[PDB]
Amino acid sequence: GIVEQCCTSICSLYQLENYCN
Amino acid sequence: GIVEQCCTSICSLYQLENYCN
Amino acid sequence: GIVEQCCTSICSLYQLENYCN
Amino acid sequence: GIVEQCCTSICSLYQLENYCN
Amino acid sequence: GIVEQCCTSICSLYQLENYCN
Amino acid sequence: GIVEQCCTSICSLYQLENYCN
Amino acid sequence: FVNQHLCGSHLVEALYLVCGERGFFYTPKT
Amino acid sequence: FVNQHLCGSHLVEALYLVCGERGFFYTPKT
Amino acid sequence: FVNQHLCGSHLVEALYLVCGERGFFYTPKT
Amino acid sequence: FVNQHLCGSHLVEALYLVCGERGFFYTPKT
Amino acid sequence: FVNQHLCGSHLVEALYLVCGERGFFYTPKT
Amino acid sequence: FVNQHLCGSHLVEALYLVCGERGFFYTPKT
């Protein structure tokens, strides 16, 4: 979901925003 | 809420559970 | 001993206590 | 310079870019 | 002992060796 | 250069000095 | 003021450690 | 298997850094 | 081989967190 | 005085995170 | 009071880094 | 591929620790 997605090839700043609150 | 509460005197393990999902 | 044991599948809280002082 | 500036009130993303290479 | 000594003015490399095993 | 060299077998203290400023 | 944005980085380490596999909502905007 | 519980500790550092003051929900239980 | 010297850095974070005020002996030389 | 040598450790985490692949020069000797 | 339980997390990083493979006893209960 | 952007975060901790007050240039774009 978020870990497997960012702990595989590093998520981009715009990708991390989707998880922001 | 959680930061000011744990970044002041360290929260206890049982206190951190309240924030668990 | 402790690293190879916890850096392979993460040790449990009760397992980390054995190393506590 | 960069530490006293970001370790006092947190620098903004655009401020950290100035130090990027 | 070691925390109050290194978390006050940073211990030197030779000072940290005293705590090495 | 420095990452692939130290993130493969850990660089030694004398090796890290070469990158010091 | 920097302590919050800095110590909060370690609070999460203990949070997901205590939660283990469970997740946790971290909101520093108190 | 340990990489998740370990790298996830750094993912949060960037999360609340990008969010700044906003909060974020971190759920490693995928 | 680097994982040990790197993940071990997070193992201690949980160790002294679980121990709270108690201390702990960390010996990576297995 | 210890805050600098300690918080600076997290400043770099955000630096190379914002820079992504680009590098950055970190000089704490202000 | 939180600085100890937080900065101590970085003291260990330097400890096992200077010790390399050797171990070290960390006791924050001064 | 994530190990670089993650372990590099600890390499800097040792770098400015060995350098002490001196600075250091960190460029992961090898």
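Values in this text are rule-based calculations from the coordinates and carry no lab data. All Cβ positions, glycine included, derive from the backbone under ideal geometry; neighbour counts span all protein chains shown.
What nm distances, shortest first, do you get from the label point of H:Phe1 to those in the other copies when the point sits 7 angstrom along Cα to Cβ?
2.6, 2.6, 3.9, 4.6, 4.7
What residue in chain I has the Cβ closest to the axis turning I into J, and how close is it in whole Å?
I:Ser9, 6
Measuring label to label, 7 Å along Cα→Cβ, what does I:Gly20 give against each other copy in nm, shortest first?
2.0, 3.9, 3.9, 3.9, 4.6
Need the C-alpha centroid separation for chain D versus chain F, integer Å.
Using only Cα atoms to place each centre, the spacing works out to 25 Å.
Please say if the protein assembly as shown is rounded, prolate or oblate, where rounded means a/c under 1.5 for a ≥ b ≥ c the square roots of the C-alpha gyration tensor eigenvalues, and otherwise the choice is prolate for a/b larger than b/c and oblate otherwise?
rounded
Determine which chain E residue has its Cβ at minimum distance from the rotation axis mapping E onto C, giving the value in whole Å.
E:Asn21, 7
Between chain G and chain L, what is the C-alpha centre distance in whole Å?
Each part reduced to its Cα centre gives a spacing of 24 Å.
In whole Hz and in residue order, list the ³J(HN,Hα) couplings for segment F:3-16 that follow from phi through the Karplus curve 6.51 cos²θ - 1.76 cosθ + 1.60, θ = phi - 60°; x for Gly and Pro.
Once rounded to whole Hz, the list reads 6, 4, 7, 9, 8, 10, 9, 6, 7, 8, 3, 5, 6, 5.
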